[PDB]
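Novice: Please find one structure pasted underneath; my questions will follow.
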Amino acid sequence: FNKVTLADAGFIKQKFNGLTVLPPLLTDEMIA
Amino acid sequence: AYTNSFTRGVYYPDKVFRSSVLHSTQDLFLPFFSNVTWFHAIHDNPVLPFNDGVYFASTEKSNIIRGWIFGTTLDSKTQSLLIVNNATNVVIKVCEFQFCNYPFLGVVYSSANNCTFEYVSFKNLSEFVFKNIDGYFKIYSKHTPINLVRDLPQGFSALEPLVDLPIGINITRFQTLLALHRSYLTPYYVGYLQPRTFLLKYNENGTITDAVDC
Amino acid sequence: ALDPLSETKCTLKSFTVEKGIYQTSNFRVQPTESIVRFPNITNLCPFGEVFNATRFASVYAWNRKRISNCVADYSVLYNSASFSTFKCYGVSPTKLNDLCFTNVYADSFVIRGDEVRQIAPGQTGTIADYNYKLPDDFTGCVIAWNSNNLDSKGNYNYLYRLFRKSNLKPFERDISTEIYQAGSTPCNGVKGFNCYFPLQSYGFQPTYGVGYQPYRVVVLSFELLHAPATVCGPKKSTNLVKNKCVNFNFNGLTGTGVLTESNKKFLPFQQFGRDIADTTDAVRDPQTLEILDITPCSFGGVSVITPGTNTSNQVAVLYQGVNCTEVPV
Amino acid sequence: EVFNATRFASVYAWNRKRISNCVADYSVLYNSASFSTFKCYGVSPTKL
Amino acid sequence: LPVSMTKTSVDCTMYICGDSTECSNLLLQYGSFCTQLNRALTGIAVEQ
Amino acid sequence: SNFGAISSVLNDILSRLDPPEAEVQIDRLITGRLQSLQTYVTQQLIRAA
Amino acid sequence: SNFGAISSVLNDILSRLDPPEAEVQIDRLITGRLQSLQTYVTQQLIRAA
Ligand SMILES: *[C@@H]1O[C@H](CO)[C@@H](O)[C@H](O)[C@H]1NC(C)=O
Ligand SMILES: *[C@@H]1O[C@H](CO)[C@@H](O)[C@H](O)[C@H]1NC(C)=O
Ligand SMILES: *[C@@H]1O[C@H](CO)[C@@H](O)[C@H](O)[C@H]1NC(C)=O
Ligand SMILES: *[C@@H]1O[C@H](CO)[C@@H](O)[C@H](O)[C@H]1NC(C)=O
Ligand SMILES: *[C@@H]1O[C@H](CO)[C@@H](O)[C@H](O)[C@H]1NC(C)=O
């Protein structure tokens with residue numbers, strides 16, 4: 001989890017002209 | 001009379017605020033590592049050309065230098081702009097002028113013909129950038145402490161515009177003038193800007209950190 | 001419009017709908033209280049001088065004037081029927097009373113009425129190519145009217161350049177009276193063969209018919225960049241508000257969203273910031289000078305969840321990413 | 001055949017010689033000192 | 001091995017027009033373009 | 001991107017012009033942005049595959 | 001292919017036309033060539049996958 005980072009993304013890092021990011025159905029806890 | 005133009009002489013290209021983001025822009029900028037002329041002020045009044053923009057610089061604490069002449073011919077026949085660092089207030093005006101051979105401020109003399117308008121407003125280095133953009137003569141200025149004896153300080157520093165003058169007069173040449181202790185009428189660094197594409201790194205507080213020449 | 005279930009039905013273009021979740025609508029709350037801001041400008045610039053002064057220069061040496069720090073009224077201009085010619089290329093005349101331009105250049109000159117056609121973008125001819133050239137992307141309006149009552153007795157003082165070694169670039173002038181080398185034979189002030197004077201006078205005699213008669217011309221150019229303004233329409237400003245979705249106008253630019261005091265330390269020379277998407281995120285008020293942030297009100301995304309219509313008519317609604325405190329609006 | 005002819009037509013003596021499908025320059029008459037009048041209206045002579 | 005990209009969706013009408021009713025009316029002339037695009041992106045989202 | 005339009009800010013077009021020409025300018029913006037969305041969506045399908 | 005333009009030789013339009021009408025014609029040709037490249041790079045991506 002510490003290796004992959006989104007610090008260089010745009011909207012993914014961050015209203016923004018209708019763009020939207022939906023959460024996955026499975027969160028990281030149940031995947032774990 | 002020559003030295004390396006280190007990474008300096010950067011200015012805010014626009015009034016738009018940006019922070020903690022990288023941005024690209026195309027505008028007139030003297031490139032890095034270029035040549036800059038140094039003059040034999042150590043012990044004749046000089047004159048120099050103005051190609052597109054002139055990158056001035058000089059170490060001053062007591063304000064020995066008192067402004068710059070700007071113009072196309074400097075022949076008392078066409079409008080030319082004059083800046084005077086008067087002790088009360090700085091003064092700017094453009095008019096035809098009876099330019100003497102040594103028009104230095106003897107202490108004060110000046111001239112004026114067919115005037116259009118007027119406007120009023122070594123420990124530390126002072127530098128200015130002059131852009132004769134179409135219909136707009138943009139002025140930029142800086143004032144920061146230094147430790148170098150004669151060489152330009154390698155530390156980066158970029159800064160905001162002083163003022164913009166709408167005349168946009170023909171500027172083909174420009175001259176330098178300062179004040180002398182006595183009045184005796186008798187018959188610093190310079191660089192040239194070029195059109196380049198620049199990458200600007202804005203950080204928190206909107207402050208420009210550094211840049212990279214394309 | 002009856003209910004979300006009905007909305008889902010007409011979205012899927014079917015009466016029956018099976019069990020599932022269907023992205024179907026967007027609830028953009030976006031209330032719009034009206035607010036506007038501009039600087040304290042009251043000085044009316046000398047528009048009448050450029051449009052009513054008796055002394056006007058000729059097209060070969062067309063006059064140029066800068067208009068700034070002034071209130072602008074365009075109703076007086078387009079309502080004045082005296083302007084026989086009135087055209088615009090980058091802005092509609094009615095909208096001029098609502099915008100701000102940051103600077104205005106007022107050009108004026110006199111020409112024969114038949115030559116009025118050349119004053120437009122992309123035009124050609126001696127007037128366009130050798131006396132007064134407009135840029136192809138000109139942003140302004142061209143105004144002209146008959147001037148026989150003033151520029152006609154003939155008034156040969158009005159001169160026009162006929163030729164030059166090359167066509168003039170936009171907003172250029174060439175008052176060089178040097179005789180043109182109109183051929184192989186060189187000349188130094190000799191007005192002989194293939195060596196003619198660069199300018200000629202107009203036969204502005206009132207005996208000539210309309211079109212041939214002199215027409216006065218006025219051209220306005222707008223510096224549309226919007227960082228400084230100080231040049232705005234006659235419309236009055238009003239008190240701003242905070243934390244409410246309002247249609248806002250500052251110095252002519254406009255947008256819609258929530259307003260809040262900006263913590264960003266803008267420099268005094270700055271007026272407004274831009275985000276990653278280059279959209280305005282904050283702005284400097286043109287009356288109090290403080291900086292206030294700008295943010296849209298909400299994504300508004302809405303989806304409907306429901307079992308099969310065969311099974312039941314009950315439905316539930318999901319507001320995508322919206323905080324439950326704001327959904328009642 | 002016209003600028004160096006030995007006989008010229010009177011005002012009453014109408015003449016219209018046919019010129020077509022040929023390529024020749026006007027520069028000769030444009031720089032002819034004898035042609036005291038080289039006034040043109042339809043296009044600049046340099047467009048020849 | 002990658003498993004699933006971040007689910008994304010876009011409001012075609014508001015993105016293209018930014019709540020401009022005039023633009024929306026003009027966009028209606030293109031037909032079902034926005035619906036088809038939304039459908040495709042939704043399919044991708046479900047695929048994740 | 002302006003796509004040949006006088007400006008990329010739609011509100012400027014709506015405010016600077018009257019509808020009899022703004023529809024044309026808007027049509028140019030519509031074409032450009034729609035093409036961008038089409039390219040983006042197609043690329044997303046391929047990456048999804 | 002001219003794509004509805006007066007010609008396909010780019011220099012021909014710029015020679016026969018002045019800048020004002022040339023803009024609309026060259027814009028059409030630009031749109032057509034862009035469309036072709038888009039079709040060329042979309043097929044290549046599929047064939048690469
Ligand atoms: C700088 O000036 C020196 C002379 O002092 C010259 O030899 C050199 O070519 C100039 N240019 C550069 C890039 O050094
Ligand atoms: C400015 O003057 C110079 C001659 O000193 C001339 O070569 C140049 O073309 C002029 N430019 C302008 C702004 O007209
Ligand atoms: C911005 O940042 C520093 C610390 O991050 C802060 O002390 C100061 O107010 C600002 N500095 C400049 C150069 O603007
Ligand atoms: C305009 O005037 C008001 C008082 O009437 C004052 O509070 C405000 O600061 C002024 N703003 C400007 C930009 O002059
Ligand atoms: C729903 O469908 C079932 C069969 O799956 C049927 O038996 C029942 O009558 C239907 N109810 C209706 C018509 O809503």
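Residues in the structure tokens are named by chain (A, B, ... in the order shown) and by number from 1 within that chain; ligands are numbered from 1 in the order shown.
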Counting only C-alpha atoms and all ligand atoms, which protein, DNA or RNA residues come within 12 Å of ligand 3, given as number ranges by chain?

Specialist: B: 19-20, 157-160, 202-209; C: 264-267

Novice: Kindly save the residues from that selection, with N, CA, C and O atoms included, as a PDB file, in the first residue's frame.

Specialist:
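Output (again_8.pdb):
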ATOM      1  N   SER B  19      -0.334  28.173  -7.638  1.00  0.00           N
ATOM      2  CA  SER B  19       0.431  27.734  -6.481  1.00  0.00           C
ATOM      3  C   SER B  19       0.484  26.221  -6.418  1.00  0.00           C
ATOM      4  O   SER B  19      -0.515  25.536  -6.652  1.00  0.00           O
ATOM      5  N   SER B  20       1.671  25.719  -6.077  1.00  0.00           N
ATOM      6  CA  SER B  20       1.926  24.290  -5.932  1.00  0.00           C
ATOM      7  C   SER B  20       1.594  23.532  -7.212  1.00  0.00           C
ATOM      8  O   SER B  20       1.075  22.416  -7.175  1.00  0.00           O
ATOM      9  N   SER B 157      16.197  33.848  -7.919  1.00  0.00           N
ATOM     10  CA  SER B 157      15.187  34.764  -7.356  1.00  0.00           C
ATOM     11  C   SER B 157      14.370  35.301  -8.531  1.00  0.00           C
ATOM     12  O   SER B 157      15.021  35.747  -9.499  1.00  0.00           O
ATOM     13  N   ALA B 158      13.036  35.195  -8.505  1.00  0.00           N
ATOM     14  CA  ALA B 158      12.128  35.675  -9.576  1.00  0.00           C
ATOM     15  C   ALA B 158      11.146  36.595  -8.866  1.00  0.00           C
ATOM     16  O   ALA B 158      10.964  36.359  -7.655  1.00  0.00           O
ATOM     17  N   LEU B 159      10.551  37.585  -9.547  1.00  0.00           N
ATOM     18  CA  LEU B 159       9.680  38.552  -8.827  1.00  0.00           C
ATOM     19  C   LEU B 159       8.645  39.272  -9.695  1.00  0.00           C
ATOM     20  O   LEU B 159       8.801  39.244 -10.924  1.00  0.00           O
ATOM     21  N   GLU B 160       7.706  39.987  -9.076  1.00  0.00           N
ATOM     22  CA  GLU B 160       6.508  40.617  -9.620  1.00  0.00           C
ATOM     23  C   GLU B 160       6.765  41.910 -10.422  1.00  0.00           C
ATOM     24  O   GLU B 160       7.832  42.521 -10.331  1.00  0.00           O
ATOM     25  N   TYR B 202       5.378  26.850  -9.546  1.00  0.00           N
ATOM     26  CA  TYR B 202       4.771  27.622  -8.478  1.00  0.00           C
ATOM     27  C   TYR B 202       4.642  26.730  -7.255  1.00  0.00           C
ATOM     28  O   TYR B 202       4.363  25.536  -7.379  1.00  0.00           O
ATOM     29  N   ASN B 203       4.842  27.318  -6.076  1.00  0.00           N
ATOM     30  CA  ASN B 203       4.739  26.604  -4.806  1.00  0.00           C
ATOM     31  C   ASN B 203       3.758  27.371  -3.932  1.00  0.00           C
ATOM     32  O   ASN B 203       3.039  28.231  -4.452  1.00  0.00           O
ATOM     33  N   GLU B 204       3.565  26.907  -2.688  1.00  0.00           N
ATOM     34  CA  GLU B 204       2.618  27.538  -1.736  1.00  0.00           C
ATOM     35  C   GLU B 204       2.997  29.003  -1.611  1.00  0.00           C
ATOM     36  O   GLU B 204       4.176  29.312  -1.833  1.00  0.00           O
ATOM     37  N   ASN B 205       2.040  29.872  -1.283  1.00  0.00           N
ATOM     38  CA  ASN B 205       2.299  31.325  -1.118  1.00  0.00           C
ATOM     39  C   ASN B 205       2.483  31.905  -2.539  1.00  0.00           C
ATOM     40  O   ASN B 205       2.912  33.072  -2.624  1.00  0.00           O
ATOM     41  N   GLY B 206       2.138  31.165  -3.617  1.00  0.00           N
ATOM     42  CA  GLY B 206       2.254  31.590  -5.037  1.00  0.00           C
ATOM     43  C   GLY B 206       3.667  31.884  -5.512  1.00  0.00           C
ATOM     44  O   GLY B 206       3.778  32.126  -6.714  1.00  0.00           O
ATOM     45  N   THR B 207       4.706  31.697  -4.700  1.00  0.00           N
ATOM     46  CA  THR B 207       6.088  32.086  -4.942  1.00  0.00           C
ATOM     47  C   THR B 207       6.713  31.197  -6.007  1.00  0.00           C
ATOM     48  O   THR B 207       6.548  29.974  -5.988  1.00  0.00           O
ATOM     49  N   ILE B 208       7.417  31.819  -6.947  1.00  0.00           N
ATOM     50  CA  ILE B 208       8.080  31.077  -8.009  1.00  0.00           C
ATOM     51  C   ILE B 208       9.390  30.544  -7.444  1.00  0.00           C
ATOM     52  O   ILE B 208      10.196  31.301  -6.894  1.00  0.00           O
ATOM     53  N   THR B 209       9.605  29.237  -7.572  1.00  0.00           N
ATOM     54  CA  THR B 209      10.810  28.600  -7.048  1.00  0.00           C
ATOM     55  C   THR B 209      11.960  28.641  -8.045  1.00  0.00           C
ATOM     56  O   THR B 209      13.036  29.164  -7.740  1.00  0.00           O
TER      57      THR B 209
ATOM     58  N   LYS C 264      -5.585  32.265   0.312  1.00  0.00           N
ATOM     59  CA  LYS C 264      -4.412  32.333  -0.548  1.00  0.00           C
ATOM     60  C   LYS C 264      -3.854  33.749  -0.552  1.00  0.00           C
ATOM     61  O   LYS C 264      -4.573  34.710  -0.842  1.00  0.00           O
ATOM     62  N   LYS C 265      -2.568  33.871  -0.229  1.00  0.00           N
ATOM     63  CA  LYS C 265      -1.890  35.163  -0.156  1.00  0.00           C
ATOM     64  C   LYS C 265      -1.574  35.676  -1.555  1.00  0.00           C
ATOM     65  O   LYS C 265      -0.445  35.594  -2.045  1.00  0.00           O
ATOM     66  N   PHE C 266      -2.592  36.221  -2.208  1.00  0.00           N
ATOM     67  CA  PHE C 266      -2.386  36.777  -3.533  1.00  0.00           C
ATOM     68  C   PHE C 266      -1.519  38.017  -3.428  1.00  0.00           C
ATOM     69  O   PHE C 266      -1.645  38.801  -2.486  1.00  0.00           O
ATOM     70  N   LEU C 267      -0.649  38.204  -4.406  1.00  0.00           N
ATOM     71  CA  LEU C 267       0.176  39.390  -4.416  1.00  0.00           C
ATOM     72  C   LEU C 267      -0.710  40.575  -4.793  1.00  0.00           C
ATOM     73  O   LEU C 267      -1.789  40.379  -5.358  1.00  0.00           O
TER      74      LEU C 267
END

Novice: Could you list, as a list in words, all the residues within 9 Å of ligand 1, counting only C-alpha atoms and all ligand atoms?

Specialist: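 What falls inside 9 Å of ligand 1 is residues 1, 2, 3, 4, 33, 34, 35, 36 and 37 of chain B.
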
Novice: Can you check which residues of chain A have any atom within 8 Å of chain C? Use only C-alpha atoms and format it as a list in words.

Specialist: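 Listed by rising number, the hits are residues 10, 15, 16 and 18 of chain A.
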
Novice: Take the residues from that selection and put them in a file with C-alpha atoms, as a PDB file, in the first residue's frame.

Specialist:
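See part_4.pdb below for the written result:
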ATOM      1  CA  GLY A  10      -5.252  15.188 -11.070  1.00  0.00           C
ATOM      2  CA  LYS A  15     -16.507  20.362  -8.936  1.00  0.00           C
ATOM      3  CA  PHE A  16     -14.287  19.200 -11.788  1.00  0.00           C
ATOM      4  CA  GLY A  18     -18.696  16.567 -14.257  1.00  0.00           C
TER       5      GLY A  18
END

Novice: Find the residue from E:42, E:21, E:7, E:47 that sits nearest to chain C; use only C-alpha atoms when measuring.

Specialist: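 Closest to chain C of all the choices is E:42.
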
Novice: Leaving out residue 48 (chain D) and any residue of its chain fewer than 6 positions from it, which residues lie within 12 Å of it when counting only C-alpha atoms, given as a list in words?

Specialist: residues 23, 24, 25, 26, 27, 28, 29, 30, 40 and 42 of chain D

Novice: Write out as a PDB file with N, CA and C atoms, in the first residue's frame each polymer residue whose atoms come within 10 Å of residue 68 (chain C), counting only C-alpha atoms; drop sequence neighbours fewer than 4 positions from it.

Specialist:
ATOM      1  N   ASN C  43     -16.166  58.590 -14.303  1.00  0.00           N
ATOM      2  CA  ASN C  43     -15.724  59.543 -15.315  1.00  0.00           C
ATOM      3  C   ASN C  43     -16.113  59.070 -16.706  1.00  0.00           C
ATOM      4  N   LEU C  44     -16.970  59.815 -17.388  1.00  0.00           N
ATOM      5  CA  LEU C  44     -17.337  59.454 -18.751  1.00  0.00           C
ATOM      6  C   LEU C  44     -16.235  59.945 -19.685  1.00  0.00           C
ATOM      7  N   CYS C  45     -15.582  59.033 -20.410  1.00  0.00           N
ATOM      8  CA  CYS C  45     -14.524  59.461 -21.321  1.00  0.00           C
ATOM      9  C   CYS C  45     -15.076  60.294 -22.478  1.00  0.00           C
ATOM     10  N   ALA C  72     -18.600  53.418 -19.723  1.00  0.00           N
ATOM     11  CA  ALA C  72     -18.914  53.305 -21.140  1.00  0.00           C
ATOM     12  C   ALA C  72     -20.400  53.072 -21.348  1.00  0.00           C
ATOM     13  N   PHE C 101     -13.555  45.724 -20.796  1.00  0.00           N
ATOM     14  CA  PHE C 101     -12.546  45.418 -21.816  1.00  0.00           C
ATOM     15  C   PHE C 101     -11.072  45.577 -21.470  1.00  0.00           C
ATOM     16  N   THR C 102     -10.712  46.129 -20.309  1.00  0.00           N
ATOM     17  CA  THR C 102      -9.340  46.369 -19.825  1.00  0.00           C
ATOM     18  C   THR C 102      -8.597  47.513 -20.530  1.00  0.00           C
ATOM     19  N   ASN C 103      -9.052  47.944 -21.703  1.00  0.00           N
ATOM     20  CA  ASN C 103      -8.448  49.032 -22.452  1.00  0.00           C
ATOM     21  C   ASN C 103      -9.288  49.162 -23.708  1.00  0.00           C
ATOM     22  N   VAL C 104      -9.317  50.355 -24.285  1.00  0.00           N
ATOM     23  CA  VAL C 104     -10.037  50.595 -25.524  1.00  0.00           C
ATOM     24  C   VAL C 104      -9.218  51.555 -26.366  1.00  0.00           C
ATOM     25  N   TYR C 105      -9.029  51.207 -27.637  1.00  0.00           N
ATOM     26  CA  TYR C 105      -8.308  52.029 -28.596  1.00  0.00           C
ATOM     27  C   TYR C 105      -9.327  52.593 -29.565  1.00  0.00           C
ATOM     28  N   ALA C 229      -9.394  45.990 -15.383  1.00  0.00           N
ATOM     29  CA  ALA C 229     -10.595  46.415 -16.144  1.00  0.00           C
ATOM     30  C   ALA C 229     -10.637  47.944 -16.131  1.00  0.00           C
ATOM     31  N   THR C 230     -11.295  48.580 -15.152  1.00  0.00           N
ATOM     32  CA  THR C 230     -11.394  50.059 -15.004  1.00  0.00           C
ATOM     33  C   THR C 230     -12.227  50.626 -16.156  1.00  0.00           C
ATOM     34  N   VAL C 231     -12.899  49.792 -16.952  1.00  0.00           N
ATOM     35  CA  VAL C 231     -13.688  50.204 -18.147  1.00  0.00           C
ATOM     36  C   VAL C 231     -14.879  49.256 -18.115  1.00  0.00           C
ATOM     37  N   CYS C 232     -16.090  49.702 -17.755  1.00  0.00           N
ATOM     38  CA  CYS C 232     -17.211  48.801 -17.569  1.00  0.00           C
ATOM     39  C   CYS C 232     -18.483  49.503 -18.004  1.00  0.00           C
TER      40      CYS C 232
END

Novice: Which chains and residue numbers are within 12 Å of ligand 4, counting only C-alpha atoms and all ligand atoms, if I want them as an NGL selection string?

Specialist: :C and (37-42 or 69 or 228-230 or 236-239 or 250-251 or 284-290)

Novice: For the residues in the current selection, export C-alpha atoms as a compact mmCIF listing (two decimals), in the first residue's frame.

Specialist:
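This is the output file part-v2.txt:
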# COMPACT_ATOMS: atom_id res chain seq x y z
CA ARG C 37 -19.15 43.79 -8.79
CA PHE C 38 -17.10 46.48 -10.74
CA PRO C 39 -14.75 49.38 -9.59
CA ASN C 40 -16.01 52.93 -8.54
CA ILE C 41 -15.80 54.29 -12.09
CA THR C 42 -17.82 57.44 -12.90
CA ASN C 69 -10.50 54.45 -16.38
CA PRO C 228 -7.25 44.85 -15.03
CA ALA C 229 -10.60 46.42 -16.14
CA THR C 230 -11.39 50.06 -15.00
CA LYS C 236 -24.63 49.16 -11.30
CA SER C 237 -22.93 46.74 -8.92
CA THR C 238 -24.39 45.36 -5.68
CA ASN C 239 -23.44 43.88 -2.33
CA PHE C 250 -16.55 40.43 -11.36
CA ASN C 251 -14.95 42.87 -13.82
CA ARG C 284 -10.04 39.77 -6.13
CA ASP C 285 -13.10 41.90 -5.39
CA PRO C 286 -13.13 45.08 -7.54
CA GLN C 287 -14.50 47.20 -4.63
CA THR C 288 -13.00 45.90 -1.36
CA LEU C 289 -9.87 44.24 -2.91
CA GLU C 290 -10.13 41.16 -0.68

Novice: Kindly provide, as a short mmCIF file (atom, residue, chain, number, x, y, z; two decimals) with C-alpha atoms, in the first residue's frame, all nucleotide and amino acid residues lying within 9 Å of ligand 5, counting only C-alpha atoms and all ligand atoms.

Specialist:
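Dumped to selection.cif:
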data_model
loop_
_atom_site.label_atom_id
_atom_site.label_comp_id
_atom_site.auth_asym_id
_atom_site.auth_seq_id
_atom_site.Cartn_x
_atom_site.Cartn_y
_atom_site.Cartn_z
CA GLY C 308 -38.52 -5.36 -10.08
CA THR C 309 -41.67 -3.25 -10.91
CA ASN C 310 -43.36 -6.71 -11.14
CA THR C 311 -42.41 -7.16 -7.45
CA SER C 312 -43.03 -3.69 -5.96
#
